[PDB]
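Here the structure is laid out as structure tokens; the discussion comes afterwards.
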Amino acid sequence: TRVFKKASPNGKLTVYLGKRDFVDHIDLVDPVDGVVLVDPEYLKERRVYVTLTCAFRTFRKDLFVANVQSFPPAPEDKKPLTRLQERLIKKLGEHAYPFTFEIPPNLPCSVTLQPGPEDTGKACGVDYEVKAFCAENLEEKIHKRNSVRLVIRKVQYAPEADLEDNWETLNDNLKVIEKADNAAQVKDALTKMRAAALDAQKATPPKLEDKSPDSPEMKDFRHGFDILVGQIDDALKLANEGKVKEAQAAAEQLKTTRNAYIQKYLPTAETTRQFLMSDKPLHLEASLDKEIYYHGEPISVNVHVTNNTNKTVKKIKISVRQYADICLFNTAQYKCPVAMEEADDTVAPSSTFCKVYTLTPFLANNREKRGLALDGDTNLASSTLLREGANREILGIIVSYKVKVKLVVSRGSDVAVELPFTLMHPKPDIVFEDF
Amino acid sequence: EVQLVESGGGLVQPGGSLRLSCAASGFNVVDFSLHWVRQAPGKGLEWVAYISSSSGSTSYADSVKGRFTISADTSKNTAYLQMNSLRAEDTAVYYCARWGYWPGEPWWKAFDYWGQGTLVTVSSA
Amino acid sequence: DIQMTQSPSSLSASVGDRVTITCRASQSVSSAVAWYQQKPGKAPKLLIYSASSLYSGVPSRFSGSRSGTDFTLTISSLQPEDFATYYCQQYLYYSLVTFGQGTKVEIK
Ligand SMILES: C[C@H]1C(=O)[C@]23[C@H](O)[C@H]1CC[C@H]2[C@@]12CO[C@]3(O)[C@@H](O)[C@@H]1C(C)(C)CC[C@@H]2O
């Protein structure tokens with residue numbers, strides 16, 4: 001068991017909690033199951049309250065607030081006490097009393113700490129704050145020594161990625177098939193990917209959640225994996241026969257169904273420009289391999305160029321950009337790049353090019369950015385999940401991420417595409433420890 | 001109805017040879033894959049070999065990889081498992097099983113219909 | 001090859017009680033596990049295919065659950081005709097078929 005605690009400079013109260021950061025389950029947010037211990041000797045006449053404030057901050061505004069009174073517990077609202085509350089009260093003396101908070105959704109992130117930001121105020125951010133204080137009436141003077149205030153965070157975790165894990169296994173095993181030497185490694189890789197494919201066929205893609213189990217989209221989705229398992233079966237048969245090279249040749253056919261899955265279910269973009277003094281268009285197509293990426297995990301960008309003009313492509317630029325619009329009444333909007341690649345690849349006239357570019361966005365190189373969105377060991381702000389019909393005007397800070405692939409052409413705007421993606425965090429007796 | 005029948009069980013000297021058949025009735029063999037499962041007296045099940053009869057594909061257990069040979073015919077609806085020199089550690093009952101092909105439900109109903117089993121014994125008495 | 005182990009070698013219970021048999025696989029098999037029942041002197045009989053689906057004809061007191069590489073078969077209220085040896089099996093592909101060791105149920 002692990003609980004936290006903060007005392008006061010005058011030592012007239014203490015606040016206990018079971019957690020630091022409270023997860024957000026989209027539909028509901030975990031409650032704040034606090035505990036308060038008070039010494040009635042000084043507070044012989046007065047009372048004690050506990051307050052929660054969700055504010056944006058000298059320019060300062062609030063977004064949500066709620067108050068609860070410890071005693072007398074005669075109007076015992078939320079009378080069902082959670083287990084930890086009862087155990088904490090019973091373990092400690094008879095002067096500990098319970099309280100509970102429940103909150104509607106809001107936005108949890110902060111902004112970077114640099115002089116002269118891009119918004120109103122300095123050292124801004126949105127933070128939650130548990131606070132208890134002692135008095136007789138709710139307007140009197142506040143004695144900081146006889147008070148307390150804590151900070152809690154509304155972290156929000158990424159959904160399950162079983163399908164992504166299955167596809168990652170499939171791709172790694174296909175690679176080790178391609179680099180194999182003898183029959184045993186080929187057999188082991190094929191067995192692993194067969195298991196992964198069968199597992200993946202059960203799961204449902206994020207783009208058909210509202211579609212029914214018997215919808216034709218689901219039928220086509222399952223048909224694709226049926227074909228994939230058949231191709232793996234053919235490759236396994238050839239490998240078990242004894243032919244290693246033929247097994248590899250049969251395994252190469254999986255790239256076609258991988259491409260078919262990408263074009264239908266993965267982020268993709270395509271543009272086309274045909275200049276004057278030219279006859280056929282220039283085509284650029286990119287695609288990311290996953291829709292969800294974790295903080296620090298590399299981000300891989302496919303790129304395809306089929307030039308048909310008389311000009312030549314000089315270099316390709318791959319970048320990851322942060323879009324952070326401030327959902328206040330001022331509706332300020334801005335963006336800042338995070339990661340960047342500057343490969344010097346060239347595309348000849350009437351030629352084709354293809355490569356995979358992998359870049360990792362993280363804060364070490366971005367310490368000097370002026371308005372980059374931070375979490376709250378801090379890292380870049382996780383992408384905000386979309387509103388479920390809620391008003392966007394009072395959300396707060398909505399952060400999202402996009403990826404850009406731009407070509408540069410000699411004898412001279414350029415050509416580029418966007419690929420939105422999601423950057424988030426993965427879902428993971430008693431002694432008091434300092435919070 | 002659907003049923004599996006096998007024959008050929010007998011006593012053979014070590015280094016001897018014996019043929020086992022898996023006759024199927026009520027269903028054509030070419031629509032299913034047939035396997036051989038061996039159970040020692042007092043031990044668990046063990047898988048021996050199989051054939052497909054649609055592409056001719058065969059495979060064998062690592063214990064009888066080089067010795068046994070499996071083949072089938074369509075007109076007679078029978079699967080034959082030739083036994084080469086026997087090492088006296090294979091004195092066990094022999095069951096025949098049926099497993100359907102991949103696309104759909106028949107693959108998931110693995111070994112839904114078995115046989116009754118035959119006894120092959122190796123000794124020197 | 002993929003090895004599959006059964007934890008309880010012998011289990012004892014009376015009629016009407018609850019009994020559970022567990023089975024673990026060394027390598028991931030995506031619900032490609034089946035349970036069989038073998039009375040002494042007869043052929044094996046399939047009970048649960050795909051680790052959760054009850055085959056036709058089998059009574060409804062059987063049920064199987066999968067959690068990762070852990071498969072459990074339960075008989076809610078076993079009867080005198082439920083005493084036999086049960087076996088685990090994986091069927092990911094044709095050439096990779098392995099069976100677990102027996103579990104025996106007796107009368108306490
Ligand atoms: C040269 C730097 C710069 O000045 C940037 C970054 O720190 C960096 C590039 C982008 C600008 C800025 C986003 O953040 C900036 O700090 C900000 O000053 C910019 C504006 C004024 C809001 C407009 C364009 C742009 O959104």
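We label chains A, B, ... in the order they appear in the structure tokens, count residues from 1 in each chain, and number ligands from 1 in the order shown.
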- Message: Excluding residue B:114 and its own-chain neighbours fewer than 3 positions away, which residues fall within 8 Å of it when counting only C-alpha atoms? Please give them as number ranges by chain.
- Response: B: 3-4, 95-98, 111; C: 43-45
Just to be explicit: take each residue in the selection above, keep N, CA, C and O atoms, and write the result as a tab-separated table (two decimals), in the first residue's frame.
```tsv
chain	number	residue	atom	x	y	z
B	3	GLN	N	-17.67	-41.81	-40.11
B	3	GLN	CA	-16.99	-42.79	-39.28
B	3	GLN	C	-15.65	-43.11	-39.91
B	3	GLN	O	-15.48	-43.02	-41.13
B	4	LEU	N	-14.69	-43.49	-39.07
B	4	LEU	CA	-13.35	-43.86	-39.49
B	4	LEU	C	-13.05	-45.28	-39.05
B	4	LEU	O	-13.35	-45.66	-37.91
B	95	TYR	N	-4.50	-44.38	-33.67
B	95	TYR	CA	-5.78	-43.78	-34.01
B	95	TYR	C	-5.65	-42.93	-35.27
B	95	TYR	O	-4.58	-42.40	-35.56
B	96	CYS	N	-6.74	-42.82	-36.01
B	96	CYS	CA	-6.81	-41.98	-37.19
B	96	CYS	C	-7.76	-40.82	-36.94
B	96	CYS	O	-8.80	-40.99	-36.29
B	97	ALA	N	-7.42	-39.64	-37.45
B	97	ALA	CA	-8.17	-38.43	-37.14
B	97	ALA	C	-8.41	-37.63	-38.41
B	97	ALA	O	-7.81	-37.88	-39.46
B	98	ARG	N	-9.30	-36.64	-38.31
B	98	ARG	CA	-9.73	-35.84	-39.45
B	98	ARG	C	-9.71	-34.36	-39.08
B	98	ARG	O	-10.26	-33.97	-38.04
B	111	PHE	N	-9.70	-32.40	-35.30
B	111	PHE	CA	-9.84	-33.79	-34.85
B	111	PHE	C	-11.22	-34.04	-34.25
B	111	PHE	O	-11.36	-34.52	-33.13
C	43	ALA	N	-12.02	-44.16	-27.65
C	43	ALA	CA	-11.38	-43.13	-28.43
C	43	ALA	C	-11.50	-41.78	-27.74
C	43	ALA	O	-12.41	-41.56	-26.93
C	44	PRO	N	-10.58	-40.85	-28.02
C	44	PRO	CA	-10.72	-39.50	-27.48
C	44	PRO	C	-11.91	-38.78	-28.09
C	44	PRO	O	-12.33	-39.06	-29.22
C	45	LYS	N	-12.47	-37.84	-27.33
C	45	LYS	CA	-13.64	-37.09	-27.75
C	45	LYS	C	-13.40	-35.60	-27.58
C	45	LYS	O	-12.98	-35.16	-26.51
```
- Selection within 7 Å of ligand 1 by only C-alpha atoms and all ligand atoms, output as a list in words: residues 118, 334, 335, 336, 369, 370 and 371 of chain A
Same residues, C-alpha atoms, saved as an mmCIF file, in the first residue's frame:
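Below is the file that was written, result21.cif:
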```
data_model
loop_
_atom_site.group_PDB
_atom_site.id
_atom_site.type_symbol
_atom_site.label_atom_id
_atom_site.label_comp_id
_atom_site.auth_asym_id
_atom_site.auth_seq_id
_atom_site.Cartn_x
_atom_site.Cartn_y
_atom_site.Cartn_z
ATOM 1 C CA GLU A 118 2.979 33.296 -27.393
ATOM 2 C CA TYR A 334 0.148 28.329 -33.450
ATOM 3 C CA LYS A 335 2.535 25.476 -34.232
ATOM 4 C CA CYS A 336 6.165 24.454 -33.673
ATOM 5 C CA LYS A 369 11.423 26.194 -28.126
ATOM 6 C CA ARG A 370 9.316 29.188 -27.174
ATOM 7 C CA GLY A 371 5.779 27.805 -26.910
#
```
- Query: When the cut-off is 9 Å and we count only C-alpha atoms, which residues of chain C are near chain A, given as a ChimeraX atom specification?
  - Reply: /C:27-32,92-93,95-96
- Task: Do me a favour and pick out the residues of chain C within 10 Å of chain B, using only C-alpha atoms, as an MDAnalysis selection string.
- Result: chainID C and resid 1 31:34 36 41:51 53 55:56 85 87:103
- Minimum-distance residue to chain B, chosen among A:362, A:225, A:99, A:357 (using only C-alpha atoms): A:225
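Proximity to chain A was assessed for B:77, B:56, B:38, B:13 counting only C-alpha atoms; the smallest distance is recorded for B:56.
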- Task: Would you kindly return, as a VMD selection string, each protein, DNA or RNA residue with an atom no farther than 6 Å from any atom of stretch 67-74 of chain C, considering only C-alpha atoms and excluding same-chain residues fewer than 2 positions away?
- Result: chain C and resid 19 to 25 62 to 65
- Query: Skipping near chain neighbours, those fewer than 5 positions away, what residues fall within 10 Å of residue A:84 using only C-alpha atoms, listed as a VMD selection string?
  - Reply: chain A and resid 1 3 17 to 18 33 to 35 89 to 90
Pull C-alpha atoms from the residues just selected and write them as a tab-separated table (two decimals), in the first residue's frame.
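Saved to selection21.tsv:
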```
chain	number	residue	atom	x	y	z
A	1	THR	CA	0.00	0.00	0.00
A	3	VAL	CA	-0.40	6.77	0.31
A	17	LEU	CA	-4.36	10.64	-0.94
A	18	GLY	CA	-4.02	7.28	-2.64
A	33	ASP	CA	-10.67	9.71	-2.52
A	34	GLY	CA	-8.91	11.92	-0.02
A	35	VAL	CA	-8.70	11.83	3.77
A	89	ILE	CA	-9.83	6.16	8.66
A	90	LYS	CA	-9.88	2.99	10.76
```
- Using only C-alpha atoms, determine which residues of chain A fall within 10 Å of chain B; present them as a count of residues only. 10
- Which neighbours of stretch 256-269 of chain A fall inside 8 Å, counting only C-alpha atoms, when residues of the same chain fewer than 5 positions from it are skipped, and could you give them as a PyMOL selection string? chain A and resi 205+207+224+228+285-291+417-421
- Task: List every residue of stretch 203-284 of chain A that DSSP, applied to the backbone of this structure, places in alpha helix (DSSP H), and write the result as a VMD selection string.
- Result: chain A and resid 216 to 241 244 to 251 254 to 265
- Message: Quick check for you: according to DSSP on this backbone, which residues of stretch 9-134 of chain A are classed as strand (DSSP E or B)? Reply as number ranges by chain.
- Response: A: 13-17, 21, 24, 29, 32, 35-38, 47-56, 61-69, 96-98, 101, 110-111, 125-134
- Message: Report as a PyMOL selection string all protein, DNA and RNA residues lying within 9 Å of residue C:84, evaluated on only C-alpha atoms, omitting residues in the same chain fewer than 2 positions from it.
- Response: chain C and resi 37-40+81-82+86+103-106
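Nearest to residue A:144 of all the residues A:215, A:312, A:112, A:10 is A:10, counting only C-alpha atoms.
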- Just the residues within 9 Å of stretch 314-326 of chain A, please, counting only C-alpha atoms, with nothing from its chain fewer than 3 positions along; format it as a VMD selection string. chain A and resid 119 301 329 to 347 357 to 361 372 to 373 395 to 410
Create the file for the chosen residues now, containing N, CA and C atoms and written as a short mmCIF file (atom, residue, chain, number, x, y, z; two decimals), in the first residue's frame.
```
data_model
loop_
_atom_site.label_atom_id
_atom_site.label_comp_id
_atom_site.auth_asym_id
_atom_site.auth_seq_id
_atom_site.Cartn_x
_atom_site.Cartn_y
_atom_site.Cartn_z
N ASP A 119 1.27 33.54 -25.65
CA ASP A 119 -0.08 33.72 -25.14
C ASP A 119 -0.09 34.79 -24.07
N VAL A 301 8.18 6.82 -41.59
CA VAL A 301 7.41 7.44 -42.67
C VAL A 301 7.82 6.80 -43.98
N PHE A 329 -11.41 32.17 -25.16
CA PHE A 329 -12.16 33.10 -26.00
C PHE A 329 -11.27 33.78 -27.03
N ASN A 330 -9.96 33.80 -26.81
CA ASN A 330 -9.03 34.42 -27.74
C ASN A 330 -8.66 33.51 -28.91
N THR A 331 -8.99 32.22 -28.82
CA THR A 331 -8.79 31.22 -29.88
C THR A 331 -7.48 31.42 -30.64
N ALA A 332 -6.40 31.62 -29.90
CA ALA A 332 -5.08 31.73 -30.50
C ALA A 332 -4.63 30.37 -31.03
N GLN A 333 -4.00 30.39 -32.20
CA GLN A 333 -3.51 29.17 -32.84
C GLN A 333 -2.05 29.36 -33.24
N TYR A 334 -1.27 28.29 -33.11
CA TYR A 334 0.15 28.33 -33.45
C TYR A 334 0.67 26.90 -33.56
N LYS A 335 1.90 26.78 -34.06
CA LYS A 335 2.54 25.48 -34.23
C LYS A 335 4.05 25.62 -34.09
N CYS A 336 4.71 24.49 -33.81
CA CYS A 336 6.16 24.45 -33.67
C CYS A 336 6.71 23.09 -34.06
N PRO A 337 7.75 23.04 -34.89
CA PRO A 337 8.36 21.76 -35.24
C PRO A 337 9.12 21.14 -34.08
N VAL A 338 9.24 19.81 -34.13
CA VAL A 338 9.81 19.02 -33.05
C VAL A 338 10.98 18.17 -33.53
N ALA A 339 10.77 17.40 -34.59
CA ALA A 339 11.82 16.57 -35.17
C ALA A 339 11.95 16.88 -36.65
N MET A 340 13.13 16.63 -37.20
CA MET A 340 13.39 16.99 -38.59
C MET A 340 14.50 16.11 -39.16
N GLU A 341 14.30 15.68 -40.41
CA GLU A 341 15.30 14.93 -41.16
C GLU A 341 15.52 15.61 -42.50
N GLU A 342 16.77 15.61 -42.96
CA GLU A 342 17.18 16.39 -44.13
C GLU A 342 18.02 15.54 -45.08
N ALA A 343 17.51 14.37 -45.43
CA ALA A 343 18.23 13.48 -46.33
C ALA A 343 18.42 14.12 -47.70
N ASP A 344 19.53 13.78 -48.35
CA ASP A 344 19.95 14.38 -49.62
C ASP A 344 19.68 13.46 -50.80
N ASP A 345 18.58 12.72 -50.78
CA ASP A 345 18.25 11.81 -51.86
C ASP A 345 17.81 12.59 -53.10
N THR A 346 18.04 11.99 -54.27
CA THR A 346 17.73 12.61 -55.54
C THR A 346 16.86 11.69 -56.38
N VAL A 347 15.93 12.28 -57.13
CA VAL A 347 15.03 11.56 -58.01
C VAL A 347 15.26 12.05 -59.43
N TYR A 357 11.72 6.50 -43.80
CA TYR A 357 12.42 7.46 -42.96
C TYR A 357 11.85 7.37 -41.55
N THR A 358 12.71 7.17 -40.56
CA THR A 358 12.29 6.98 -39.18
C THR A 358 12.91 8.07 -38.32
N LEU A 359 12.06 8.83 -37.62
CA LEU A 359 12.51 9.90 -36.74
C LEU A 359 11.80 9.80 -35.40
N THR A 360 12.49 10.23 -34.35
CA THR A 360 11.99 10.13 -32.98
C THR A 360 11.82 11.53 -32.39
N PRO A 361 10.61 11.95 -32.06
CA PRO A 361 10.44 13.27 -31.45
C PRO A 361 10.59 13.22 -29.94
N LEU A 372 6.35 25.46 -27.05
CA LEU A 372 6.07 24.05 -27.22
C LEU A 372 5.29 23.52 -26.02
N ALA A 373 4.33 22.64 -26.30
CA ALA A 373 3.42 22.14 -25.27
C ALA A 373 4.06 21.00 -24.49
N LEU A 395 -12.67 24.31 -24.11
CA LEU A 395 -11.87 23.13 -23.80
C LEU A 395 -10.60 23.50 -23.04
N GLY A 396 -9.85 24.49 -23.53
CA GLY A 396 -8.56 24.78 -22.95
C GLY A 396 -7.43 24.71 -23.96
N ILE A 397 -6.57 23.70 -23.85
CA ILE A 397 -5.48 23.50 -24.79
C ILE A 397 -5.67 22.15 -25.48
N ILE A 398 -5.86 22.18 -26.79
CA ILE A 398 -5.98 20.97 -27.60
C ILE A 398 -4.71 20.85 -28.43
N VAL A 399 -3.95 19.78 -28.21
CA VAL A 399 -2.68 19.57 -28.90
C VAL A 399 -2.81 18.36 -29.80
N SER A 400 -2.28 18.48 -31.02
CA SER A 400 -2.30 17.41 -32.00
C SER A 400 -0.99 17.43 -32.77
N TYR A 401 -0.70 16.35 -33.48
CA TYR A 401 0.57 16.18 -34.16
C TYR A 401 0.36 15.81 -35.62
N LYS A 402 1.20 16.37 -36.50
CA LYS A 402 1.17 16.07 -37.92
C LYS A 402 2.59 15.85 -38.42
N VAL A 403 2.70 15.09 -39.51
CA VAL A 403 3.98 14.75 -40.13
C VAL A 403 3.98 15.26 -41.57
N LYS A 404 5.10 15.86 -41.99
CA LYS A 404 5.18 16.50 -43.29
C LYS A 404 6.37 15.97 -44.08
N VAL A 405 6.14 15.64 -45.35
CA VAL A 405 7.18 15.19 -46.26
C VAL A 405 7.19 16.14 -47.45
N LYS A 406 8.29 16.87 -47.62
CA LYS A 406 8.39 17.90 -48.65
C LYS A 406 9.56 17.62 -49.57
N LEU A 407 9.33 17.77 -50.87
CA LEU A 407 10.36 17.63 -51.88
C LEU A 407 10.84 19.01 -52.33
N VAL A 408 12.10 19.07 -52.75
CA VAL A 408 12.72 20.30 -53.24
C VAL A 408 13.16 20.07 -54.67
N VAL A 409 12.81 21.00 -55.56
CA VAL A 409 12.99 20.83 -56.99
C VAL A 409 13.82 21.99 -57.54
N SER A 410 14.79 21.67 -58.39
CA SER A 410 15.68 22.66 -58.98
C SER A 410 14.96 23.46 -60.07
#
```
